[PDB]
Amino acid sequence: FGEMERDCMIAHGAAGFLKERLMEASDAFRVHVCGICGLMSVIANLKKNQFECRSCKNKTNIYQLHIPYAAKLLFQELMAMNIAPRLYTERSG
Amino acid sequence: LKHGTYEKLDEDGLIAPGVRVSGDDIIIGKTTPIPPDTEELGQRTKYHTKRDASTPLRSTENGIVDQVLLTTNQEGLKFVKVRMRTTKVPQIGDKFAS
Amino acid sequence: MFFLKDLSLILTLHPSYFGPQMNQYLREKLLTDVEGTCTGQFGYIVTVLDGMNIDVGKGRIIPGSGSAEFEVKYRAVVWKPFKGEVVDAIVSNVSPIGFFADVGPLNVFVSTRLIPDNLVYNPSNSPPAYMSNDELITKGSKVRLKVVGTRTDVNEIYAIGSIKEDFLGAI
Amino acid sequence: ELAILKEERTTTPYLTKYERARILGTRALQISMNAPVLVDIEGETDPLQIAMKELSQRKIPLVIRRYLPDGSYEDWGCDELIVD
Amino acid sequence: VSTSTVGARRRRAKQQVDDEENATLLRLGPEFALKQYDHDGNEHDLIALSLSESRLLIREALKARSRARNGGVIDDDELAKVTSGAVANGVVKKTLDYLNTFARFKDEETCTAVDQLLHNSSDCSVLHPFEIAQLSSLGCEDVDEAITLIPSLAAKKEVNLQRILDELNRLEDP
Amino acid sequence: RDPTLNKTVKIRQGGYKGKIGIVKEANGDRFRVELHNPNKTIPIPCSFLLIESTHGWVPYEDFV
Amino acid sequence: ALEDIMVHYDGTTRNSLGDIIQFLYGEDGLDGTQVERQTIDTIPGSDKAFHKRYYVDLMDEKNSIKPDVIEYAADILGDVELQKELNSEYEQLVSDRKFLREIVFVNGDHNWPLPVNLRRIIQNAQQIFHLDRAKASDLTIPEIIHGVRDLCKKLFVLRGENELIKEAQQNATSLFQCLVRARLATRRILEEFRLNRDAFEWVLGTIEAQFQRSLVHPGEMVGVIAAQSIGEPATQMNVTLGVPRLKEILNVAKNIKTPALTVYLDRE
Amino acid sequence: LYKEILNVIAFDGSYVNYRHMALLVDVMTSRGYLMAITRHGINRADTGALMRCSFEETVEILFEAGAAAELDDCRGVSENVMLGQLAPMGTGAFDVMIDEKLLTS
Amino acid sequence: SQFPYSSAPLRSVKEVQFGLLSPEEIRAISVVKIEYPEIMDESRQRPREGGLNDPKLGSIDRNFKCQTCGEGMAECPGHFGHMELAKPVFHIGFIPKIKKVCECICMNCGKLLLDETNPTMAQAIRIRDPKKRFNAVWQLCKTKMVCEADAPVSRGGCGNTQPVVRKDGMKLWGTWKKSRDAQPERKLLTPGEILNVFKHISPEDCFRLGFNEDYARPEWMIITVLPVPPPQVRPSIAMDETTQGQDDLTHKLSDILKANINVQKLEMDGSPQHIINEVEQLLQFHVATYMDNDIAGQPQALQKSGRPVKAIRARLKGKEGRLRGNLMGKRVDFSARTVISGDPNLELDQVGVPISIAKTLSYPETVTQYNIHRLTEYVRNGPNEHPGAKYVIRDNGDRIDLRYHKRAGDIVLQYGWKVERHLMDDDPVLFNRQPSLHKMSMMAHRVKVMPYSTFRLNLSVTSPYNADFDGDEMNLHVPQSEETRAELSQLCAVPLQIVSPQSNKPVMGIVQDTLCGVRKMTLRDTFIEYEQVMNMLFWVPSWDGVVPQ
RNA sequence: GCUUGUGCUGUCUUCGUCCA
Ligand SMILES: [Mg+2]
Ligand SMILES: [Zn+2]
Ligand SMILES: [Zn+2]
Ligand SMILES: [Zn+2]
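Residues numbered from 1 in each chain as written, not as in the entry; some residues may be left out. Chains lettered and ligands numbered in written order. Part of a larger assembly, values for the part shown. Heavy atoms only, no water.

As summarised from the PDB record, the model derives from cryo-EM at a stated resolution of 3.59 Å.

Chemist: Can you walk me through the pairing of strand 3 (residues 30-35) of chain F in this structure?
Modeler: The two faces of the sheet receive side chains in turn, since in a regular strand these alternate between them. Residue and element names in this part refer to chain F. Most of strand 3 is tucked away: five of the six residues are buried. In this structure, strand 2 (residues 20-25) lies alongside strand 3, joined through four bridges in antiparallel fashion. Within strand 3, the residue paired with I22 across the bridge is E34. Connecting strand 2 to the antiparallel partner strand 3 that follows it, the hairpin turn spans four residues, and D29 within it adopts a positive phi of roughly 60°. Where strand 3 folds back on strand 4 (residues 41-45), the antiparallel hairpin that results is connected by five residues. (Buried < 20%, exposed > 50% of the residue type's maximum accessible area, 1.4 Å probe, protein only. Helix = DSSP H or I, 4+ residues; strand = E, 2+ residues; numbered from the N terminus. Pairing = 2+ DSSP bridges.)

Chemist: Looking at this structure, how should I read the coordination of the magnesium ion (ligand 1)?
Modeler: Under perfect tetrahedral coordination by four donors, a metal shows angles of 109.5 degrees; under perfect octahedral coordination by six donors, it shows angles of 90 or 180 degrees. Residue and element names in this part refer to chain I. Distances from the magnesium ion (ligand 1) to its protein donors, namely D468 (OD), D470 (OD) and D472 (OD), fall within the range 2.0 to 2.2 Å. Each donor residue of the magnesium ion (ligand 1) lies on one chain, and together they are spaced D-x1-D-x1-D. We classify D468 as partly exposed; its relative accessible area is 37%. With a relative accessible area of 13%, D472 lands in the buried category. (Donors = N, O, S within 2.8 Å, 3.2 Å for Na, K, Ca; no water.)

Chemist: Sorry if this is basic, but what is going on with the pattern of salt bridges here?
Modeler: Where charged atoms of side chains with opposite charge meet at close range, the side chains can pair. According to the stated counting rule, one finds 91 salt bridges over all chains in the structure shown. Between I:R11 and A:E90 there is a salt bridge whose closest N-O contact spans 3.9 Å. Note that I:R11 is positioned in the segment before strand 1 (15-17) and A:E90 in the segment after strand 3 (86-88), a pairing that runs across two chains. Classification of I:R11 by relative accessible area gives partly exposed; the value is 31%. For A:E90, a relative accessible area of 40% translates into the label partly exposed. Salt bridges here are not isolated pairs; linked through shared partners, they connect A:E3, A:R6, A:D7, G:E3 and I:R324. (Salt bridge = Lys/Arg side-chain N within 4 Å of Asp/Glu carboxyl O.)

Chemist: Just to check I follow, could you spell out the sheet that holds strand 4 (residues 171-176) of chain I for this structure?
Modeler: Residue and element names in this part refer to chain I. Spatial strand order, 3-4-5: three strands in an open sheet with antiparallel pairing. In the strand order of this sheet, the two ends are held by strand 3 (164-168) and strand 5 (185-188), each with one partner. Each strand axis lies, on average, 30° off the axis of its neighbour in the sheet, ignoring direction. Of the pairings in the sheet, the one linking strand 4 to strand 5 comprises four bridges and is antiparallel in character. Opposite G174, over in strand 5, you have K187 as the bridge partner. Against the sheet, helix 2 (residues 95-104) engages strand 3 and strand 4, with an angle of about 170° to strand 3. (Axes fitted to C-alpha atoms, helices over the stretch in contact; angles between N-to-C directions. Contact = heavy atoms within 4.5 Å.)

The structure is reproduced here in structure tokens:
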């Protein structure tokens, strides 16, 4: 599903179909993010039910996101080049 | 092992000409040795020492085995070639030109 | 120590409950999910004030799943211990390593290394107790202890007290 | 604050095609997940057809929140938007 | 589970010493700071509650909920059983027992007089609400005892602590 | 596991009578048999088959 | 370049930053699938033909409405209030002719894409209400005047009571109102189309409904649609022209291949 | 600019509706100066870094955004596409809420 | 519902805040320190701790679990480590920016060469945009070549002359006009010195330069500690049945770690400055080519085979890069492709689908009381008969593969479960032909299951697709949800696309022999007898049963 | 007494198919 097909689906106005194509029919992934630093550095043990961002030293302000696996890979490669992409779930102003 | 069948192989691990083959069926049986695990704790005849490296038929193809070649390579190990034959009849969607 | 706090909860409702009794069902679900819970950030939530007249607002339909998400804001009474605070307690169990007390729902453990030496543990006593010449502390006896450390769990709080300082011990 | 009072609503009073498609999809999904139906179905079984029947009779229990570019919004009921 | 009305608090570089919880230093953290905000965003003060005020509030709320659930038609056990959840029932039973066995003021009018004395007083206009709750809860008898139990009151020597304690003992039912 | 998997079989009834095949899948009575000449696999009930043995063709019941 | 451009619920065209690109999409707020080529009847012709087609004089007997097309043909001559209404209509038509001929279309072109096909609506009304036969019409002239005038103020592109909103709304429907007034003229309705009361009300309601249906829908991604609509002809295709000239235009090249001036001289 | 684009399009007899070319030249002249449809024109805007990097000069744009501590507000379609979210376009330009008042019937 | 339950609330991303990573943050988010170049412990499995494949960095194996989070390969995202560098090095992407900042400030007392007293500087301060603010400040302070000890009253200036700094390779040279002509000395500006100078810059001066105190600090452009990506970023491949080859990034990290140990040992034991310079330039080269191997004016880092090293930068750019190749467009599931054929007996919005494609593709239908009987009939039919089904999905998400189920006839369906039934008649599907020049290249059709292996189209839709039947192929996409099906059937359907917005005219018409025949049949001298008239009238689906006179 | 096994490389190069 190339870029031109994406533009055609934008021109149709079908946002739900585009989201389903690019996530459910493809690399859908779930990550946890700290609510303070906004980094994907949370250490989650789901069956032990314990979450922790060791850097920010917090256990309660943690959320889960559904993002493409390629987006996760891109953010990790950016982090490898010392760039800090921080994902926040609220606006500031 | 693979999900395909192995009953069409002979003792030497090679299929014989004249046999029907479907997709994924195994036509060349090959194994490579592997250092055995702690299964020497006792497994009389069922301890794994080999890993399967067999050649399956292409999943979209089927036909008859036409000829099986056996020889040795330049170095000196065995070397096999299997030829499959099938007939293709014209149908809707086939390309023709003048 | 008890406090009044403005709390919020996110409630997700399945489409099978989209009926006229949606508001009341959300209220009872909120009550069952809030009353008696223990969160380390806040402490212990004991009751919710005005529990039958809480505004729930309009729920937002989650895209791709149909279920509605509600933001419910409420005021509740919350209790949380603090480091270096002196509170009363009631002894619940006696052990050679120390005694276990109860401060409401919170259970506080005090080790012998935070107990004065004259309060020697007597296991032969009926019931077993940490007793001195003029003091006798056993199960059900009023004790005043100072909280030194607090341990936070996933949905539990563990507190450690001490009675080695003045104006503590038996009361 | 961001909400706009019902008397001074200035957006179009007609249901756009995107809103119609999204409302039909959401209602069909809810019906397929065992939500109560508000219209009498004669012999219909398909959730999308039941949702379309609900829309034609103005019985869909959903609200459309239209967002303005500055951040404010207007709330419109599915029963007060004209559908062709 | 439940989320406070205070949000944001993103990453920075500076570290402060007023971050650890400590009753003695009167550092209650951001979520229990002296300044709070309601659902409307207006200014709001931290609301401490003594055991008398807390007991009155929990009894009032519980009896209101019990009356509402019964169609508008006193025992602690039945009132605790009104609530739902076995762990919730145990927690409210433990709180009811703790409050009952340490209730300094079981009367509404006595609690009202105590709150008015501890709020409208000129000396108490500077007192932190946590200090007020601790004084009304612990039932101290001496200035030295109160200072030892509550180290924050040591730095506030402009408070008529002894006469306030004697008034509290007088209001306390023997 | 059925005793008829990967065994040469002959069809005795229906529209494919007298065609030699090999049993590939056998779950509940609907044996999947590949046909030697038509490059295809067809479903067939166990009643319509004839399993080869050392002494001529045997029916399904008389073999299992 | 155009991917993030969308029509919003206030009618404006904006990008992802909220910067306004157009205060109304297409300067008329219409969908690109809802317009057809129509002729504006006040633009072409001579002054004699325009006067003959549109002017109705109730004093001169040979330059009035015909007597076999109206049942009220007797008590019509000599009226002054009705003559004032007809004069107001004619002055509005003359203003429209001046506006279109002098500001909008100066070369006389009058076949332009507009919404709501009026010819189709008129012939549909004629077929539905059986407007054949020499039967006189019961449609009074003030009814025609007030119906057309009210119709020309219900074509809502923008909603609101602000004065700027009203000015933008009046601006957005100028050409379409000119088309409607040129078609639904009193003499034309009475003689060429021969509508009656029911047919007239049906035509007015149909025009209003179809104009409401021709507006662009908020949420449209008109930027991507414009990009595809411009790039698609480029796929199937001494002054440089074609793809190199399109590249020069889109890159804003400083040194184009064939610079040129178009110099116009004074009349003499 | 509209006249030149119209000349180029209409020379070979083709026809394009006015609104498309009007939107194009309005984007090309909205900033007060001529903005070319190139990386020098498009990527010198105030749009989000994630939206600009997906066109051209990805790594340079990301390095500049990191060094400048840029904040992407994720309002564009490209950011939501590459984050796997419902883009605020078409059917995603509004929210759907549950009507409790109507449900009483 | 394909992910295991988590008590963390589910939210979406509203803002992305960019910035640089500080050494404190790199150390804090790390789970292990990497100091051993050897990948394998003793060539006997169980990779060495503290190495580049430490088991705390994450698990990329089926049977092994991550020792940091305890999750399996499918769920573990990977964890970062760090690698302390013996000497600081330049970040290859920020060297011109470091040069410009060095021009902007004073190399001895870390202060801007000009203050707000200059009105032009105040105007440069006023602009909010950090890039333009930095540009203006740089355009001003570049001219100023001397720190001012007193105000042009002491501004704190040390008075020293500002050198001219020129870039060559990755090395900056600062030419001081030491005290008309004299002998000027150009000395190397080592990364440690610039780092120390940047560290003294006040926060307010940092803000004046367009940097941010919290997220983008000027001394963080110098690498003192290197974050180590998890194995998920740099997976190993299986070259043959036995030997497995390491990723390029792993080899480059091994080279970096060897150079670091070399620098450290050299400094500790004995220090001839020339050898220090050589080995430290080798370390700088390795760190620079680990991130950017397309550096102009110097040779590329090569593999043992002679192919150049694949750097991180080259993973993110081009058609096959991360952005264009895996985010703006990707490969998707639930799709089909085959040759297309014409069908005069199909409706305009219908598509003919081969039976094998209908068996392969599926739609997950929710079990309700309106369809439970039909769905259990489909489940009884199985995955090899049409109409059948392939999977039964429980509420908890467990799939039941109907191929390998011995009691598929004894499966009872509960309300709320999902059945992945085969593609059926009248299911909406999206149909597409490349290149997709306009939005009529993707339209939603209705499925009709037919024999033979081609897709079938009405001939009037061949114009918007620009397709013919001499070998063309077209793609098909199956929606997987009720909302997505409604979107396809109400927005993208073929009848809704008849009139295009490009030229406000139809894009579909009567074509080819239908056009020729309609011209021939409507000629004035064409007459038809009663029997043929009856046949043609019965051929009309919309005919009302009344024969005309 | 006897029970059916559960998956796949990477990187280049060349030749082709349908548009353009
Ligand atoms: Mg072709
Ligand atoms: Zn964090
Ligand atoms: Zn892990
Ligand atoms: Zn200086």
